[PDB]
């Protein structure tokens, strides 16, 4: 392994993302002219807020990941006040930006991108890892328009916390307990949102959003692709042991075999040419 990289190795540029405890900044390494997305975390603030476990878990998780549909951790370093993580640079930014830009996806685009998300989840779940906060903001688009999922501090590695309100599963609001199915719940929401242009549970505030979730209070627009609707209904199920794709439903085989995915070749998605948006 090379000697530890340092801030002076980079020409920093624009801000790519902002969070409570971190900022992501585009940086060009000078020796290589390579673009990384460098996640910068201020030690003092992290310690002051008891986030050390989350930072730790993100670093450890993103190291165990080796797959085209996941943002990669290339390196780390620190100076006196800050931690730096060198991450894949997803040139095209958030899936959310495209949902907003074009409104809603047609069937072909919805099918391809849902399949990539599914295939990524299958990989993540095979390593015993749960994202716990999957959402279109976390789902980045590479320069070639394939997905790269990021943001893993809130992940759990299988042998407390609440993600974004509209993607939260009922079992979180009723038990403080999660599992792979929580990721599948969020997948159901993301599919709905690709198709309809909006997340299925919307309300004036978080409390109300939570109410609708535990009540399964949402419904399909009339233009919704039927096969996608059937898939979403097999995902947005209050009982987590009955969500298509989870272990009690015998996993990813039956999920991938869903009629909505009829025309999909699962084996080499990352090699396929994403449909034009």
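Positions refer to the first chain, counted from 1.
Modelled in this chain, residue 104 is likewise resolved in all the other entries of the protein that span it on both sides, not missing from even a third of them.
Of the other entries compared for this protein that flank it with modelled residues, a third or more give no atoms for residue 159. According to the record, 4 to 9 deposited residues between residue 159 and residue 160 are left without atomic coordinates. The deposited model assigns a higher average Cα B-factor to 137 to 145 than to the other stretch when 119 to 127 and 137 to 145 are compared. The mean C-alpha temperature factor is higher for 173 to 181 when 173 to 181 and 199 to 207 are set side by side. Of the candidates 227, 64, 39, 67, it is 64 whose Cα B-factor is highest according to the PDB record. Annotation for 112, 89, 85, 105: 105 ranks highest, by Cα B-factor. Per the deposited record, the Cα B-factor of residue 263 falls in the highest third when ranked against the other modelled residues of its chain. When the modelled residues of the chain are ordered by their C-alpha B factor, residue 15 lands in the middle third. Ranked within its chain, residue 190 lands in the lowest third, by CA B factor from the PDB record.
The entry lists a Cα temperature factor for residue 71 that places it in the middle third of the chain's modelled residues. In the deposited entry, the Cα temperature factor of residue 249 sits in the middle third of values across the chain's modelled residues.
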